[PDB]
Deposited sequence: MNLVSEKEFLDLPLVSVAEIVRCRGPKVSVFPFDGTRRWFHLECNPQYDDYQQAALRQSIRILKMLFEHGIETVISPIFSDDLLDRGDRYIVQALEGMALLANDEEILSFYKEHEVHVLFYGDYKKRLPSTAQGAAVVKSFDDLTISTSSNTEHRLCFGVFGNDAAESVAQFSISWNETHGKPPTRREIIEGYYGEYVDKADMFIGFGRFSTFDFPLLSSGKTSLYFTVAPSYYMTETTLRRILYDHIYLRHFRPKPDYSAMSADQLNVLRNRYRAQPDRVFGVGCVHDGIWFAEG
């Protein structure tokens, strides 16, 4: 339970890992679907392919015991692409709430789906967009009885400030008092969600689109390859690091360590004095982390 080795963890059967996760966490994980286009021009040679991969990873995440997955899918730069790109995107959005296989996926894995972000005001003031919003509203309610997992799709969910302000102003007008943090979170995500226990990005070290759910306890990981490339081994090593390594116990007692130990520890830092993770190099316009 508390003393499983990485090797065993890596050898254990799926159901076993899931049980460990259900107990130790991560309860909430952020997994944006990024680098999609790149993955497309490298493995397939769109909207339809991206989805099968999204479904694969989501399936994987939930089958490993993770209760809630927060997945940013569309951020600001969107409205700045061509008209066709926007249509392709709005179609992808429509697929998350309309496609046959993913709907089966939600039902098969008892997944309640929610959407967050500024999509209701930002989405194109057109028909196709009003359809996406209606679709989003419908799915959220129709998957309402599923209780095994929670899936939150981020659509323009990069800055919740103005949204929190307005949500708070209305709540106080109708309730007489300001909302609690819990109510603020329910208001934005549509349901209460604990802080994120980990964020798995890729490439450039950066996080985004999970307003109010971030804390110093959100373990950060950045794969070298794009989101859809996520393998089993990689996921388990990430899981193992967060569950067993990030918060090691008992904490360290310096005063109890020998003068040599402190010395060995000091060298772990001074041996390579200028070492830093996050600096990279560029190849074909693509940034890659060094060291």
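Stretch of the deposited sequence lacking C-alpha coordinates, numbered from 1: 46-50 only.
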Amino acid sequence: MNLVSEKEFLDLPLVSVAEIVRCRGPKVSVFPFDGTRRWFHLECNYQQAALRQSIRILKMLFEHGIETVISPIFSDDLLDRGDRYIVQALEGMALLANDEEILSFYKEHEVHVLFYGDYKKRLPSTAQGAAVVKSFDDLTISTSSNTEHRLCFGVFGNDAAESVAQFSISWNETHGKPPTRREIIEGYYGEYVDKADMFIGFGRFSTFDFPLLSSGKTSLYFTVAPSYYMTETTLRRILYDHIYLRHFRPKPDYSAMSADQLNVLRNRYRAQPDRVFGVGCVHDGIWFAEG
From here on, numbers count along this sequence of modelled residues.
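Higher average CA B factor: 36-44, of the stretches 36-44 and 54-62. Across the two stretches, 24-32 and 226-234, the PDB entry reports the greater mean Cα temperature factor for 226-234. Take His112, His175, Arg122, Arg182 and read off each C-alpha B-factor from the entry; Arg122 has the highest. For the set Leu213, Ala89, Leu151, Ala161, the PDB entry puts the maximum C-alpha B factor at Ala89. Compared with the other modelled residues of the chain, the Cα B-factor recorded for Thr126 ranks in the highest third. Among the modelled residues of the chain, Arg204 sits in the lowest third by CA temperature factor in this PDB entry. Remark: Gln166 belongs to the lowest third of its chain, ranked by C-alpha B-factor as recorded. Among all modelled residues in its chain, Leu78 ranks in the highest third by Cα B-factor. For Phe136, the recorded CA temperature factor ranks within the middle third of the chain's modelled residues.
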